[PDB]
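Below is one structure, written out as structure tokens, with a few remarks after it.
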Amino acid sequence: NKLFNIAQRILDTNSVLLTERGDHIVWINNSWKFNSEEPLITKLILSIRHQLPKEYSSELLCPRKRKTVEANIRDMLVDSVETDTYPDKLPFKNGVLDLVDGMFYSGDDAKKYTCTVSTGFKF
Amino acid sequence: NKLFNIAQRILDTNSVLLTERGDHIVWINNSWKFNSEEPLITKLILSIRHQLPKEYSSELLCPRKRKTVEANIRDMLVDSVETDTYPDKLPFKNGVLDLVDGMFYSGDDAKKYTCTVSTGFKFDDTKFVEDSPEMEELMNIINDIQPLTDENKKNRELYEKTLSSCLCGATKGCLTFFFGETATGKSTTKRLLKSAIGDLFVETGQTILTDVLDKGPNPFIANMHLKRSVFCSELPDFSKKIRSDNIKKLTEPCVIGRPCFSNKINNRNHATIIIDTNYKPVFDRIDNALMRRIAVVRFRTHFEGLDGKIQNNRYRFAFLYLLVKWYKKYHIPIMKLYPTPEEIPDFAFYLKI
Amino acid sequence: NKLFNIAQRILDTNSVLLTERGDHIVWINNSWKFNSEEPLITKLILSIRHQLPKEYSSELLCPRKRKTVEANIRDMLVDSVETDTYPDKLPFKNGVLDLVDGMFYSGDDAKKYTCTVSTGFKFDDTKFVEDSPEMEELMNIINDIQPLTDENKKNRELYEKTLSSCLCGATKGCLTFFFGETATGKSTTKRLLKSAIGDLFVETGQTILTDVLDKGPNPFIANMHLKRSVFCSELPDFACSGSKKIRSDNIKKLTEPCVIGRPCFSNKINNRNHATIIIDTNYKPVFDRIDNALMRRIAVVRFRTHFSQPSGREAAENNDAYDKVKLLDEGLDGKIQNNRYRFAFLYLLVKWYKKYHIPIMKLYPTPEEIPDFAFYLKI
Amino acid sequence: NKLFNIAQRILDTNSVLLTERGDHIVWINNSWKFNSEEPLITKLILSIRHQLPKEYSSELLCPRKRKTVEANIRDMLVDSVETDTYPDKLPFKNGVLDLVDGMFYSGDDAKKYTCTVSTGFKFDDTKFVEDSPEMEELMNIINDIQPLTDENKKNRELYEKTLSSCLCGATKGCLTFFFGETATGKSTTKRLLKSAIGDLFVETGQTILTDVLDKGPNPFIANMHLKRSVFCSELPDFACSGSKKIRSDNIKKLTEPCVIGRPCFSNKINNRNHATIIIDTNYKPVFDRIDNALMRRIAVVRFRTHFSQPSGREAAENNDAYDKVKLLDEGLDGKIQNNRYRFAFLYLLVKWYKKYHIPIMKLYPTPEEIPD
Amino acid sequence: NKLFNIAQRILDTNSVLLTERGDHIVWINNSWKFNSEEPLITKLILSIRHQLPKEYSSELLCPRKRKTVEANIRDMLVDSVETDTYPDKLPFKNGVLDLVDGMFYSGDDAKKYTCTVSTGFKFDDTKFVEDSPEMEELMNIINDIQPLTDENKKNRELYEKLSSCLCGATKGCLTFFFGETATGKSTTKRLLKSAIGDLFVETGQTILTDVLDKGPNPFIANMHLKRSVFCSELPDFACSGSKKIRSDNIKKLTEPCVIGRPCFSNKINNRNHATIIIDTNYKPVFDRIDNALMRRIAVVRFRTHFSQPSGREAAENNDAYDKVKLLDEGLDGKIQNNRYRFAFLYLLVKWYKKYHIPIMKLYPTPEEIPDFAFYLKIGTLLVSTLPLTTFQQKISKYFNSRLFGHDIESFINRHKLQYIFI
Amino acid sequence: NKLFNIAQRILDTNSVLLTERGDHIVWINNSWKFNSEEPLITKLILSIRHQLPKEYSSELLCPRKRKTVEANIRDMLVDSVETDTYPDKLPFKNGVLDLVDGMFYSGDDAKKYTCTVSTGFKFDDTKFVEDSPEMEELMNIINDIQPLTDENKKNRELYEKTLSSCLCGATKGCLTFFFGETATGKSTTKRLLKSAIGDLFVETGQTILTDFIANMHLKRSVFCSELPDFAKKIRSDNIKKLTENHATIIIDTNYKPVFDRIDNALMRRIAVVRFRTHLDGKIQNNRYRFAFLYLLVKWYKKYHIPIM
DNA sequence: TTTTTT
Ligand SMILES: Nc1ncnc2c1ncn2[C@@H]1O[C@H](COP(=O)(O)OP(=O)(O)NP(=O)(O)O)[C@@H](O)[C@H]1O
Ligand SMILES: Nc1ncnc2c1ncn2[C@@H]1O[C@H](COP(=O)(O)OP(=O)(O)NP(=O)(O)O)[C@@H](O)[C@H]1O
Ligand SMILES: [Mg+2]
Ligand SMILES: [Mg+2]
Ligand SMILES: [Mg+2]
């Protein structure tokens, strides 16, 4: 119940996505990472506990409960999404510059463009 | 007790099935999905909790109890079932299209047909009408590749029949040859067909035509399982020969071949095989059995919008309407592909002598 | 204690057996079944809970206690048993048919025959009847493919005997060639047999005929274990084409009771051979070497009736590879694919079994129909 | 404490042993059983509970508490044992037969001989008799296959000696070829031997002759470990058509006490050779290289009696590959499959074993019967 | 707390050690043992419980508690120790024998030498006596195999210098026991296997003809810390058309470390202490001849035939034998019964004492390999104007090309000329 | 959470670091151990017990709680760090040598330099001295293998400049062909260098260029040898990636080098050092080791300073 | 993971 509520609150931030190949991508440190190379979902669960209310933060300091929240999260993800399809973009290490206005969206808006490759310098 | 009751109630909806090939299939999001690397049964248990009483639903929130329910369900499935047994049904990502009536089913009506494959895209019921300028404009590329003259009636009818055959989930007794020059309409037809049926389409090379099917892994033949159309696109200028035994083996309902690291050697053949040829083919051996399995569609109409509009999936639900119409036209009541052994120069002498 | 009592009661019913292959076989839904990667003991424990006292049945609703009962059961099984030792029993999904007499056993009577293979479908007593509208059509089809004339008597008898040998769980001493020209009905027979016997039928590639059978993993040989019918199709023109000849040693290895070959990721190299091997062809076979041993293991059945379309009716009556020309039926493959003549053909096969398996059924060679054997026949 | 006492009492009966190959063997049902996929130690713990006091037997009905006893036992076994060191003992499911005495041992008498292999069936003392209705049939069949004539005297003795080598658990320095024309009884002898000795018999492929033996995993050579009989069949005439020669070095590695080769997913590369290797052939073998070392390891037994149907009776009388023509029997094949002549053939093998162990038994080559 | 105290007390006994590879070696039954598929630490914990207070021994009867102590012990082992650093110590199942001196150590006196391998059998003092009929029979057998004559003096000495199978150090040469059939080459192998037991290993021919990689190679991984490696049989490299011996494997089998790991293991490095002996009826043929390869090959020849009475005439009329004797059919069974194990061990120790003067090393014999004949003459004739035709006629003026034709053909063509005659 | 508080204080020591390879490095026994098997974080947790409050130390005696702390620590490491950054440091198996400065940062002052590859042997300063016989025992050697005489001046400068180059933790983009004949002393160089940098020195064959690349990471020197005359070839498409790699690639030959195809860009990445002046048991006995170490350090504050 | 496959 409480852990399911915590998993539901995390699921509302769209920080974890499922790809068609059969893997998960996690939005941590302002970048879309990949699983199958060290588990990153529990790292995200531990790093997001500040946004959750106070009674939902002390529960996430327990490694076993974080695994329960992870198991809950992996069950609510049923629809797959594609990665890096938008042809007019230029990712950077603070966001993704657009290709028409010259605008450079960062942070919350940069999460919409699910990109795994990048230029390599700040902006 | 209570978890066993939940598992029994879930099993009554027939949402989990055991297959002949040895896999589990689950009905999630208007599709049948295979249990091979992800825990789909627990996902189904979590999703289906809204069709349960208020006392059985507040208990499926615990991941530990969902595993118990899954374990109970796994012991209840003892008898396997057969899938993909409806040749006149077209599956999508959201339901099944009936090629006879034209009706579309999306939910509990779609799960009655156990289709494990799909086109890979969503169906649009608003552009599948007849009207609208899109369809009226699509009668300008087809009518240009194959004109509507009196000298081209038989060839165009054969072309339409061959294109219609890609909608049927059944075994075809002939392999078709698209014979023509460059930029004559063959690639446009290939791209339109790929857009219209999506993931039910496959491109191969020459390993299935010139080589031997057995004796080792053949990943390009086990990939043709339950797929409705296969294109042999890039023919080298014939080098290895056609090896008529291979084309004979590609006609039977069952095809022998195994993937890498696998022991399964049987595949179901529902594919319309079309070979794009620019030069006269040469066969290892020509006999009456080879004559009975070859058809030729010839492109003899020499010709930048028609390069990205097709790639943008613009003619996706317009070409599909034409395919359904031609499907209806050529089922009277059984559609059968017939050979044309006179349209091959190599078969000229063998007919008389 | 209580769970041990449940396990002991389950063991007394002899519903779990250990075979001399490492497998555990269970008796669920009137059939012996096993799965290497999906152990079925807990499924049997769940299914058998209605033959126990009501206090012992509730405890079996817990998945964790079923595992305990399974662990107790696995420690009770020490000795192995031999399976598939009755050649005159045809196993179905819901019972066993006795080919000697004709009765169907659908309970503990079918349990004593430890058959680990089956047709895959249930047996229907209302269609294994003989007189039916479907059976009359089957007689017409079979009579068209193999007419009952005086010049086709021996060929028709060999055809019937080869077809009826597919119901027997025993090692056969010959490989048969269904030889004929195009559109002579030698695939209709194959489809009819596949409909009749179901999962007791298998198709394999030509590599079992032309390649070495034990150079690494060979899934095309390990899939013939306990199968009663193996089909090969469309060998190439060995003469007017550059093709690999058959190999006389493979033919001799495909006749022995035990065949050597292993699957991928497996250490088991022995397979039981219970199969009738049929190769359907448009050309006569060509071998590496001809000797008396090879000429003793091969039989040939001829197909000489052409099923054509009105256009080719005149061209067919002139060709000398055909003895009769009949109009093609375009709605026949669909009827076979829907298993319309499944039980009529099963009844026909059982009747032929009765005719030919008295007292002992044994396949015999037909060396006179092979041109490659001509020279050795001259002397 | 209490489970430790149970484990200590179990280990005092010497019912569990650890072998030099790092493997666990358990004495169950009058047999030394071994399997790495079965829970044999817990099986023994469950089966041996009747020898324990009543306060301990009821403690062993829990699967969880049998695993504790199994762990306690596993921590107690440090030393290793040799096993399979008696060549004059034939093991069965329910005991061991003494080939030099003829006496069957059961219980703790068979436990002394640590045999980890067996025929796979139970020994019946009412059929191991020299006077049966089946013995006359078996002698008739064998005398038909190998006649007792003056012209056939060394061949028959070599046949008997080779067949009786399959009872000895020792390394043998010769390979034998059963050579003959079609329908001469070469497979009937193989089937009779397989019925007689059961699981001590193995059939393998020709890849152990014409290929390398230790390049990657090779179950075809790894399954011959501690087997007393290996059969190969259908040599593909390495003379006329395109073919691969046998390999002279492969023959020499098959006569060594140890054979190098490993199974799948296994680190064990040594196999102990106790096998008589027999190859059924219609043509004489052809080798890539001929050497004096190869000549010392080859023996040939010839089959020259034809079993034919009456229709083919006339044609067999003109073939020089045959010395006698006899009527074929179609019930023989099915009767052999039903293990009708199991114990009669076993008695014959033991009787010949006593005949050919004149102190020691040594297989000898026949170099004169090879065209090469 | 209490289990941590038990682990700490067990650690102070120095009965568990960690090696550089990462192995855990335990001191049990007066021997150092390591095994990745055997619970050795819990075995030691169960065995050592009698050296602990009474209140601590009761805690060690529970297998669940022994695993906690094992985990605690595994967490305190942070430093690696070097093992098998004494070449002149022969470990048995119950102690260590000093080869240079002859004293047998038992208990804590053998624990000082961290010998992690063993013969597998106990050392017997009453059989290491040199005064027994078994010794006379063994000496007769050895003298039959390798006669003590003047013409065999240099070959018998190389045969004796077998005694290298006792040294726990890297050997820089590979030896071929080359001979005709029935010459005693397998009898020596069986005697050595009986004498040294588990320090002897037999592998396949793929270590000489295949490529050594990082993949799972049990045939290489099973040679770790072994003092004798035998490879039996070698095909004829000309008439059979088989794979030749790769020259790069000869270099890698001489280095102190070899690359190869078992299945389901990450131990990629193996320590090389082995004498490599190959039993042959044919002399080796290599795919690439060079000066480094010719420095690592030695050949011992067997020229005594043991034959049955029928075959004595042909044996005496053969140029591959110098002596013909009668075969003994009971010797093979006696050797398998470990009858000459300790007599042969004593003989090997006596030979070991002879060839340490004070350092023993193996010398190659390049003149016994026909494959090396061309390179020796070129090396001793040439030293690294001069027309090609002049060089051709000068080099063919003395040598005959009836056998060395392709050799000079390849040397002139492939190896193109700053070369001056001596 | 007591265990989370314990894991907080262990991360405020920088004893566990995450690498871009996907693994962890642990500072245990005064060495940045980097292992993909065996539990190192639990070993560190048990060892760091004494630097923790009294109530926090009793909790770490349970393996079950140590594993929980390990899981907590592994869930808090999100950002990777790079190892082996400083180029002027010599990792010895006691610590780190600060080349351009003179002092050995012995045991704990060498944790900021996250070096993962060492010379494999200990280092001292009593024998690493600025004088004493061993300094002159090889003066004759280093002066007769390579003299100067104002005619072999630049040759010797390059000789003992590319020698000192095998002390730099930065890419040496140059392939100096050690020309000369036999017995000129290029094997004395070979044995003096194996006795200077230990496992930081690697040997190879002709295959590196004529046609041993995986195990060249942080390798500070390669000394390909035993080469036959080419007149395969140098395969000129190799130097493009060969010099693109923390090693000074030294090729010593007894013959003339012939490249596959010389262009206007090929003769800009090749150096040469000639030996126009054409021990063992004592040179392999590590008699100098630290003396040759000083010789290299001496040549380091030379030409390579302030840039090479 | 090893085998299988290259
Ligand atoms: N008794 C029958 N009456 C009418 N049509 C029939 C009959 N038997 C078979 N056919 C049809 O005849 C056609 C040819 O039969 P088929 O089994 O394919 O012969 P085939 O020899 O295998 N052809 P091929 O593989 O090229 O040699 C098929 O369309 C069958 O449905
Ligand atoms: N000193 C001996 N006295 C009597 N018999 C002996 C003696 N040494 C060896 N033998 C026997 O002689 C036979 C041949 O010896 P063996 O060890 O097989 O030589 P081999 O070289 O390995 N044979 P091969 O593999 O063909 O070259 C065996 O039966 C030995 O037991
Ligand atoms: Mg057909
Ligand atoms: Mg036979
Ligand atoms: Mg030998």
Side-chain angles (χ1 to χ4, degrees), chain A residues 22 36-38, chain B residues 36-37 205-208 210-223 256-265 267, chain C residues 22 36-37 205 207-208 211-223 260-271, chain D residues 22 36-37 205 207-208 211-223 260-271, chain E residues 21-22 35-37 204 206 209-222 243 246 259-270, chain F residues 22-23 35-38 214:
Chain A
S36 75
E37 298 287 335
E38 188 173 1
Chain B
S36 65
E37 65 272 16
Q206 295 308 293
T207 181
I208 78 166
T210 66
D211 281 4
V212 185
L213 274 70
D214 22 281
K215 187 47 183 64
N218 213 341
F220 288 161
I221 268 180
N223 171 74
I256 307 293
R258 69 176 180 89
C260 299
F261 320 129
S262 181
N263 282 310
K264 321 271 165 280
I265 52 155
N267 312 112
Chain C
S36 295
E37 64 269 15
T207 56
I208 74 157
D211 284 38
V212 152
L213 294 172
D214 58 348
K215 191 183 286 185
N218 204 337
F220 301 89
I221 287 293
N223 286 297
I260 311 299
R262 68 183 185 90
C264 296
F265 318 103
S266 184
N267 283 297
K268 293 179 183 179
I269 58 151
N270 285 319
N271 314 283
Chain D
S36 65
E37 282 88 5
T207 193
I208 73 156
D211 286 272
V212 293
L213 299 172
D214 72 281
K215 178 175 173 65
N218 196 8
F220 299 96
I221 199 78
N223 286 4
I260 306 307
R262 67 178 183 90
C264 269
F265 303 90
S266 179
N267 278 305
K268 278 170 239 183
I269 59 155
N270 55 336
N271 312 308
Chain E
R21 303 173 78 205
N35 200 354
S36 53
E37 46 292 332
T206 50
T209 52
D210 277 18
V211 179
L212 309 184
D213 299 327
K214 281 177 69 70
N217 205 14
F219 305 99
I220 281 289
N222 281 354
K243 308 233 303 165
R246 319 165 44 81
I259 298 296
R261 37 174 286 259
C263 289
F264 308 107
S265 171
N266 58 316
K267 303 289 174 65
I268 193 69
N269 280 118
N270 311 113
Chain F
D23 221 354
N35 197 341
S36 296
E37 61 276 2
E38 250 206 326

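Chain identifiers are assigned alphabetically (A, B, ...) following the order of the sequence lines, protein sequences preceding nucleic acid strands; residue numbering begins at 1 within each chain.
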Apply side chain to side chain contact (heavy atoms under 4.5 Å, CB included) to [X] and list each qualifying residue two or more places apart in sequence or on a separate chain.
{"X": "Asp211(B)", "result": "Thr207(B), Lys240(B)"}
{"X": "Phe265(C)", "result": "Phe261(B), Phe265(D)"}
{"X": "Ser36(E)", "result": "none"}

### Query
Over how many whole Å does the gap from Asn267(D) atom CG to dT3(G) atom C1' extend?
14 Å

### Task
Provide, to the nearest angstrom, the distance between the CZ atom belonging to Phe261(B) and the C1' atom belonging to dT4(G).
5 Å

#### Entry: Residue pairs fulfilling side chain to side chain donor-acceptor pair (under 3.5 Å) with at least one residue in residues 214-223 of chain B, sequence neighbours excluded
none

### Nearest listed nucleotide, side chain of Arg262(D), among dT2(G), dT4(G), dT3(G)
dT3(G)

## Note on the structure
Per the under-4.0 Å heavy-atom filter, residues of residues 211-219 of chain C near DNA chain G come out as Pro217(C)

### Task
Applying salt bridge (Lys or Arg N to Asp or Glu O under 4.0 Å), name anything that partners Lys268(C), two or more places apart in sequence or on another chain.
none

